[PDB]
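Notes for the structure review
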Amino acid sequence: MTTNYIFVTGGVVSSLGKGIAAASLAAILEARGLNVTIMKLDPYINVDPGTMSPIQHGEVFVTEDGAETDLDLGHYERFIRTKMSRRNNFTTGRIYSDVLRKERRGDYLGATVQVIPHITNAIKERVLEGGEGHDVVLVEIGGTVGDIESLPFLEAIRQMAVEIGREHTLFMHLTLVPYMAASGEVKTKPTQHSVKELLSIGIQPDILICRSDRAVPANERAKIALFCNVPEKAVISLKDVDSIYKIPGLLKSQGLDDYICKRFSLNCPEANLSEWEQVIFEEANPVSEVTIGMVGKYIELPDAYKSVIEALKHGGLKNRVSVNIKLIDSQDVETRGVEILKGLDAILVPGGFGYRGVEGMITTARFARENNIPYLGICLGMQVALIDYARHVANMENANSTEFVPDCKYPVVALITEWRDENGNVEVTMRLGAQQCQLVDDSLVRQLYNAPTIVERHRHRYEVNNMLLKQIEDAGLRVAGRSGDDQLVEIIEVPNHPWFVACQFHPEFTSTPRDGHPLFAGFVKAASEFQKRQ
Amino acid sequence: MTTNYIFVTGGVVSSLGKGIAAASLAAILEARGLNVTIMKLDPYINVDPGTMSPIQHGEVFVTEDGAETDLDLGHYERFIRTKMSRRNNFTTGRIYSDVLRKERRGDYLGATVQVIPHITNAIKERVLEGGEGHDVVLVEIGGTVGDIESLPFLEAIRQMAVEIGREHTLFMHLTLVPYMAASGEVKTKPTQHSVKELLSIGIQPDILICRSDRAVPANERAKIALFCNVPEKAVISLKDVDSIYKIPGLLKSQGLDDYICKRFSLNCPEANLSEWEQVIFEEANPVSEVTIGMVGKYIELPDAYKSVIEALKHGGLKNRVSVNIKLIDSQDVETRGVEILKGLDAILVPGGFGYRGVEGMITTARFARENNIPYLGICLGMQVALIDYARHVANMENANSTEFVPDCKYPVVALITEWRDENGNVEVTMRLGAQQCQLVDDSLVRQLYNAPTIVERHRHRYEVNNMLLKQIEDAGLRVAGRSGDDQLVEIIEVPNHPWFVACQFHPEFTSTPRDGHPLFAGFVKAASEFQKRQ
Amino acid sequence: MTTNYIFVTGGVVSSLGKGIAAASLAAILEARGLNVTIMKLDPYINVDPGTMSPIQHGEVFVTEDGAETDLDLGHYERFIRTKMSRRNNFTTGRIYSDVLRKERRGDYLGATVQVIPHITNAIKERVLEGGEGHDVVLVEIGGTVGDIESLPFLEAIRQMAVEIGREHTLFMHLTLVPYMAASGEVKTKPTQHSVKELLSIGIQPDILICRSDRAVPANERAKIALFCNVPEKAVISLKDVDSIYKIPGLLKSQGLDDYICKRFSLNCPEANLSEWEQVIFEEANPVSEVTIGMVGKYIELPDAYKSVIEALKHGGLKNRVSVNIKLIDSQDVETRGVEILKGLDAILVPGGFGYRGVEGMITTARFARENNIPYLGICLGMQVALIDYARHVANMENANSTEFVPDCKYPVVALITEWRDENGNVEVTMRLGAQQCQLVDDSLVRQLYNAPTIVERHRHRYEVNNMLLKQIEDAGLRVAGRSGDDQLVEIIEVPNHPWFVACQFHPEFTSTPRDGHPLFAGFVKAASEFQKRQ
Ligand SMILES: Nc1ccn([C@@H]2O[C@H](COP(=O)(O)OP(=O)(O)OP(=O)(O)O)[C@@H](O)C2(F)F)c(=O)n1
Ligand SMILES: Nc1ccn([C@@H]2O[C@H](COP(=O)(O)OP(=O)(O)OP(=O)(O)O)[C@@H](O)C2(F)F)c(=O)n1
Ligand SMILES: Nc1ccn([C@@H]2O[C@H](COP(=O)(O)OP(=O)(O)OP(=O)(O)O)[C@@H](O)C2(F)F)c(=O)n1
């Protein structure tokens, strides 16, 4: 049991799919019975993505231990079974924070603290912490080789390779081999210049992953093999694909996992990708089609809802339904009205913070409730469902969250500390990661999950006000799930409806293409049944 | 009034004297009536030198505003009259701290924080903050061009030069032009390779400062001029010198200040270096010689006492005395005895923290007191003087500091909060920077300073215990200076002695070669008078 | 067995002694019974040094096959017994000539001829041609790594290392580790930046040879070992020495030959350096001293007479005489007269072309003959001796060479085709390399060489005119050596003299420190005997 490291770097351009490639290779190695994990080194100065806005960087992924991480850890969990944690993602910001704090504690004992060895040591420690206890660890280095921002990471992993040796380390380098119409060929010159930059910081690549908008022919792979001084079988073609689920198969067909198993002296059986073959087959052969509207406030960057979009596609796979996801701005509902929600087979309202676009989401939940259009609300999606039912069925005028209108008459959503009733009477912190939720018997979700208890991941501050709940319950709404000693509301259902479910937790973070998700499967099934009735 | 910047970089090796060169050039420009200042950008991760050990990095310099800074700010204050502050020195550590904290306050508004532009912006802001309000600002970049650690600094100052323009910015690059016996010539090839590294990060030097162990001939300067595409008058020879006081004259004689005044369109009169000429003359023509023992715990790196060594040399200049400074380990006095203090014309005990070597310093103060050898104690040097006089004249057995022996019977030195008497009765934070001190009339120091009040700089925690003082005063010791509402003891004198003075403050930080220092002048005079009597 | 290659490169500066170090290592390896050779790759565009002026490049060394080569091949032959040929030296000029010629002969079959692979292939072919059939081949790359001029050489040897493998190739990189008074240490930073330059062109050094004006301490070699990822025993200190004969011993004492033999899996006995120890002992323990004047037209650059200066030193070793070589400009004899030839124990006039300073050499030959000062003339040195004698003893007025005065009455020196007598009556180009010479009985040289025939190396056009020889022989001059069918004069003597010999050939090219040379041994012995008589 000696841990092996595959360092995954990128050259020429940023957007090579380093994460997908690492995840896809991990999927193959896992399918050979190996204990594998992946970690992402981000060269940004942000301590973590907690502060980073959804419409700049994309969604904040949440691990079961409650870490706020890069959305790439979503790819990782959707390609391998090994659970991600805080240890599988860190930034330059985290590393400098670690070192600045170690300096205050006087751990450096009056020494001058330097990029080498102090910053590089801190990086190596975190890679080893995340890596050890595994057969193979894939380490994705963010950025493009040659840029300033990744130089400490590259020096760190260069040092690791010298210490551990070439028997238990590989350098896998993604590169752009672009097509020029003028020459009618793909061009290796960018790979030549990129590999030279890599050599100049003391890294020799073992494996070249050649990204292009078409196949990189054997002739160009042979050229790249010579000038990089690697075997031709270590030069892999990875053309643009219509589905990332095909990538493990494409890499296996070129023997990449065989090459890695030989270099690391791992005797393991052939990769069984039958689950991926099944996923590819399902995706290629949908029986029917549905249009599902996603109504939120961050649609200007789709990656803001990355895991939700994937969870809907997984819902499609399990029902053999093709899902046409229509991203709709909730502010457009406020101004233009509910005319833009017409022609939808189902409606999803995903998570969010701040009041901008929330009123449109409340109107959207009303439209879906009154017109019997299948509805799934996630976090904020549950809040607007509760506000709708409180306002329009329990006749609680201007019911809202304390997040949006702090001094509202009926704060049906509020922090536990803010909980008050309509007269101002009282009783007597971000919830993050995995928590057990108890499901109410005879509820739709109890049926779908087929268990009394489930584990789903949170990222929210504002809870359902239990002081105003019974009034909403008596007006017809049903509590389907609860959690903890405070008996916090986790899931609500509207029963006089074909399919209406809203949850506080983020089920999208537990959905995979191979195992799907009970809520998303149920939701997409309802969308199909609705479409058939029209 | 448009502020001009001279960016001072170094190539080939670290130890080119970038600070001395910057300070020496500043001295010339100041002697032309210009408002000039200097700042040091350090690529270490240490938030500031406060934590850095004296026997690794050298002395912690203290500005009047109480900043703990690089010893280079000592060079700056000894070459120009412009006072240094916190703004004239910052590290990579400070810059990352600034940015990490701005991220928490949400000043970046959900943006991805990047080396460019966020780290480079933070660097530019601090350079502008320290620079603006001056005719010429010299910005010393620590490190060697081509190293990772200085890349953000070099990108920052490259950006500044583009924005401000070539009319108000210059790049001054120090380089090594070494002599090879084999070729019998100095070699420009290192300068060629260094300048290429500079070009590759988008900086073209305006001025080449050629360091060698001998003159760089016109022939080699002409070669460097062509391959750097600068005028030959912008290629300066700076050979190894026996005295740094000569460097302003050597640079002026090659027209460097004329070149800078033309490039910045500054019409100012010829530099009057008559004060530097006087310093050089004094240093070259000492009338007599003295041996002064410096007894401390950090002698293994002389730079630990950099400003004290310079202050003694300045004492020599003002008395026309050559001072032979003998660095003596205080632990050698503890083991080998006072035999190693023989042949000294005077004794100095400088500042320090921790008990290691303190007992030797107490014995050293006793030797100097009993044998009438001129004594100067600085900070710890005053503590061991008080402990000596308390133990051996006031018969206070085992009198000590609470820093060294917390539960001692007579804590003659302690924190204000720890102040107790011998029976345990009571009454009823690092002191940093400039503080007014009141001088007692008929004291030696009142005579030397010739003023009732002085301003000197502190760097100490532990004070003289005023509860045990009167007992030491009545045993003959005299309080010569005090400060503040707590009437803290700043200066003590033993009067039955030719010259015995010890101060809490660090007078070495206010000494210059041009103006000297009253205490050091008096001390070195006493050392000469003692030597004549033997 | 498989031929092993040591590629010898240089960083930081040109003048590291790459040739001396390669030659000194070859001497250690030859002493271990290995078959070793050395070759020099010069990045100049000159087809060969035959065109290059001696005051620009230094001496044109001549191999036994008549090749005009770099003076480094003189170092090679003075350290190893392996004979150099045309194959042991080529330039970029030769490589481009090779390729341009092959192109016109249609050898490339209408292909585009490129730096890679056509120029690099031509370099590799010539390195193999000189190397194959030896145990170890040392390949010296001229220039400084990072310069444009050496990039094709470095790419060629990089390719060879990939093909041949790490089992039979080593990269030995010389670097400058300069001392700084400011730091009181030698600086590894230039080696750091030079090695980064090597890595960027795809070469990893195996051995670092650290040049400095002093020993590079264990601490500094340890830093270099870590940065370069080489073992500490592969980092060698080579300080400046008084004698190059010590360098084999300094390298052996640090185990360099052991490391090379281990890497190449050569089992050979320990080196016995007794021959070098003896040379060092002889050099360190002279018995008497002499001053020998070398009177020529190229003294501006001493390396113009590299092999002659070394031959005189070797003559010193054999006689236990310390030789003070005084370089005298022959043009100074024309202006200031024979005043400057005073206090010389012997006179040597070396080789040269063109009339400038020749009349000064004729005056010098006359001075030495008339005042019985031991004389050795080489090539031009023989011409001026023959001219002196013809003019001043045989009374042949204005006797000269057709090279200098084509239409002179008495062309005593002239081309074979030009041979005429005083009346203009006739009979019915460059000589290069080793030729047999027949020595005359009862001549001084017949005794000294102790053989009837000798082999010496030529580089000359103009011969002794046989049509005017008889007349000069009748006047007392003796012919001591002849060659070929034309019976060309090789050696002349003046018997009415303690020691007066002059030869057409260059005896300095067959002199070594271990074996010496009979002519130079005799010349220095005569200079000693003359000094004792004064
Ligand atoms: N380090 C190097 C490497 C190569 N070349 C030169 O590069 C030239 C070939 O460059 P091309 O015509 O663009 O072709 P290609 O390299 O195959 O690149 P692509 O895959 O994008 O088509 C040779 O003359 C050379 F000479 F080989 C060079 O000058 N320096
Ligand atoms: N970028 C460059 C610049 C120069 N050179 C080549 O560098 C060679 C000259 O290098 P030297 O003999 O060491 O001399 P020097 O440069 O004056 O350096 P020093 O001052 O240390 O003596 C030319 O043939 C060249 F060709 F000019 C080069 O190949 N690439
Ligand atoms: N590629 C590199 C390598 C090092 N350094 C930085 O280089 C700094 C140390 O450089 P020094 O003080 O000049 O010392 P030295 O390297 O031992 O060189 P010498 O042997 O000439 O004294 C570290 O802070 C660093 F950070 F390690 C760097 O920034 N980039």
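Residues numbered from 1 in each chain as written, not as in the entry; some residues may be left out. Chains lettered and ligands numbered in written order. Part of a larger assembly, values for the part shown. Heavy atoms only, no water.

- As documented in the archive entry, the model was determined using X-ray crystallography at 2.281 Å resolution.

Quick notes on the relation of the copies chain B and chain A
- Take chain B, turn it by 180°, move it 0.0 Å along the axis, and it overlays chain A with an RMSD of 0.0 Å. Read as a symmetry element, the transformation amounts to a two-fold axis. Closest to the rotation axis within chain B is the C-alpha of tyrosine 96 of chain B, separated from it by 3.6 Å.
- Both copies contact each other with a shared surface, as 100% of the interface residues of chain B are interface residues in chain A too. (Least-squares fit on C-alpha atoms. Contact = heavy atoms within 4.5 Å.)

Observations regarding empty space enclosed by the protein
- When its volume is computed, the largest cavity comes out at roughly 160 Å³.
- When contributions to the lining of the largest cavity are tallied by element, the ones reaching two or more residues are α4 (92-104) and α6 (151-164) of chain A together with α4 (92-104) and α6 (151-164) of chain B.
- When the residues that make up the lining of the largest cavity are grouped by side-chain class, the tally is 10 nonpolar, two polar and two charged. (1 Å grid on protein atoms, 1.4 Å probe; cavity = no way out; pocket = protein on both sides within 12 Å on 5 of 7 lines; lining within 4 Å. Points joined across faces, edges and corners; volume = space filled by probe spheres on them. Helix = DSSP H or I, 4+ residues; strand = E, 2+ residues; numbered from the N terminus. Nonpolar A, V, L, I, M, F, W, Y, C, P; charged D, E, K, R; others polar.)

Digging into the side chain of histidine 118 of chain C
All names here are of chain C.
- Of note, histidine 118 is situated in helix α5 (residues 115-131).
- Reaching out from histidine 118, the side chain makes a polar contact with the backbone nitrogen of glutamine 114 at a distance of 3.0 Å.
- If near-sequence neighbours (up to four positions away) are discounted, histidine 118 is found in contact with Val99, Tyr108, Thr112 and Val113. (Polar contact = N/O pair within 3.5 Å; in protein donor to acceptor, adjacent residues only side chain to side chain.)

Some details on the interface of chain C and chain A
- Opposite the eight residues of chain C that make contact, chain A presents seven residues.
- Summing both partners gives a buried area of about 680 Å² for chain C against chain A, and 48% of it is carried by carbon and sulfur.
- Across the chain C-chain A interface, the total number found is zero salt bridges.
- In this assembly, chain C and chain A are joined by one residue pair in polar contact.
- Per-element accounting of the side of chain C that touches chain A gives the leading share, three residues, to helix α7 (residues 189-200) of chain C.
- Considered class by class, the residues forming the side of chain C that touches chain A number three nonpolar, four polar and one charged. (Buried area = accessible area lost by both parts, 1.4 Å probe. Salt bridge = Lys/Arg side-chain N within 4 Å of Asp/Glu carboxyl O.)

Comments concerning the interface of chain B and chain A
- With 28 residues of chain B in contact, the opposing surface of chain A contributes 28 residues.
- Both faces combined, the contact of chain B with chain A buries some 2,400 Å², and carbon together with sulfur accounts for 67% of it.
- Between the two partners, chain B and chain A, sit zero salt bridges.
- Counting every contact that joins chain B to chain A gives 14 residue pairs in polar contact.
- Elements supplying a minimum of two residues to the side of chain B that touches chain A: α2 (54-57), α4 and α5 (115-131) of chain B.
- In terms of residue count, the dominant contributor to the side of chain B that touches chain A is α4 of chain B (eight residues).
- Grouping the amino acids of the side of chain B that touches chain A by side-chain chemistry returns 13 nonpolar, 11 polar and four charged.

Details of the UniProt feature "binding site: Mg(2+)" in chain A
Residue and element names in this part refer to chain A.
- Under the local residue numbering, the UniProt record ascribes the feature "binding site: Mg(2+)" to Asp72 and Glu140. Judged by maximum C-alpha separation, these annotated positions cover 69 residues in sequence but sit close together in space, the widest gap being only 9.8 Å.
- Summarising the element assignment, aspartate 72 is placed in helix α3 (residues 72-79).
- The exposure class assigned to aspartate 72 is buried, which follows from its relative accessible area of 11%.
- When near neighbours in sequence (up to four residues on either side) are disregarded, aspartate 72 contacts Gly19, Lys40 and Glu140.
- Side-chain polar atoms of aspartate 72 contact the side chain of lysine 40, separated by 3.0 Å.
- By the secondary structure assignment, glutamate 140 is in strand β6 (residues 136-141).
- Setting aside residues up to four positions removed in sequence, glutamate 140 forms contacts with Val8, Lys18, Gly19, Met39, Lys40, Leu41, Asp72 and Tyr76. (UniProt positions renumbered as here; feature names shortened; annotations may be inferred. Buried < 20%, exposed > 50% of the residue type's maximum accessible area, 1.4 Å probe, protein only.)

Brief notes about the sheet that holds strand β17 (residues 411-414) of chain C
Residues and elements named next belong to chain C.
- Read across the sheet, three strands follow the order β16-β17-β20 without closing on themselves; strand pairing throughout is mixed. Edge positions in the open sheet fall to β16 (400-401) and β20 (463-464), since each of these has one partner strand only.
- For β16 and β17, the ladder comprises two bridges, and the chain directions are parallel. In the strand pairing of β17, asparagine 400 is matched with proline 411.
- Its contacts with the sheet place helix α15 (residues 380-392) against β16, β17 and β20, and it is angled at close to 170° to β17. (Pairing = 2+ DSSP bridges. Axes fitted to C-alpha atoms, helices over the stretch in contact; angles between N-to-C directions.)

Some thoughts on the domain arrangement of chain A
All names here are of chain A.
- Under the domain assignment used here, chain A contains domain 1 (1-285) and domain 2 (286-534).
- Of the residues lining the interface, 32 residues belong to domain 1; the matching set on domain 2 comes to 28 residues.
- Carbon and sulfur atoms make up 56% of the surface buried where domain 1 meets domain 2, a total of about 2,700 Å² over both sides.
- Inspection of the domain 1/domain 2 interface yields four salt bridges.
- For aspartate 515, the salt bridge identified is with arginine 81, shortest N-O distance 2.6 Å.
- Taken together, domain 1 and domain 2 are joined by 11 residue pairs in polar contact. (Domains from an automatic or database assignment.)

Some remarks on the pairing of β17 of chain C
- Two strands pair when backbone bridges link them, and β17 of chain C and β20 of chain C are joined in this way by two bridges, in the antiparallel orientation. For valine 413 of chain C, the partnering residue across the bridge sits in β20 of chain C and is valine 464 of chain C.

Section: the site of ligand 3
- Around ligand 3, the neighbouring residues are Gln114, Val115 and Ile116 of chain A, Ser14, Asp147, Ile148 and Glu149 of chain B together with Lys187, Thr188, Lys189, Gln192 and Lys223 of chain C.
- With respect to ligand 3, the backbone of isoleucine 148 of chain B contributes an N or O atom lying 3.1 Å from a nitrogen atom.
- In the environment of ligand 3, an oxygen atom lies 2.6 Å from a nitrogen or oxygen atom belonging to the side chain of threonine 188 of chain C.
- Within the complex, the protein chains bury 78% of what would otherwise be the 620 Å² of accessible surface of ligand 3.
- Mapped by element, the contributors of at least two residues to the shell around ligand 3 are α5 (115-131) of chain A together with α7 of chain C.
- Of the residues in the shell around ligand 3, the class split is three nonpolar, four polar and five charged. (Near = heavy atom within 4 Å. Areas by Shrake-Rupley, 256 points an atom, 1.4 Å probe, with all protein chains shown as cover.)

Topic: a nonpolar patch on the surface
- Residues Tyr96, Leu100, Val115 and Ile116 of chain C make up a contiguous nonpolar surface patch of roughly 360 Å² in combined accessible area.
- At the level of secondary structure, the elements contributing two or more residues to the nonpolar patch comprise α4 (92-104) and α5 of chain C. (Patch = residues over 30% accessible without salt bridge, like charges linked within 9 Å, V, L, I, M, F, W, Y side chains within 5 Å.)

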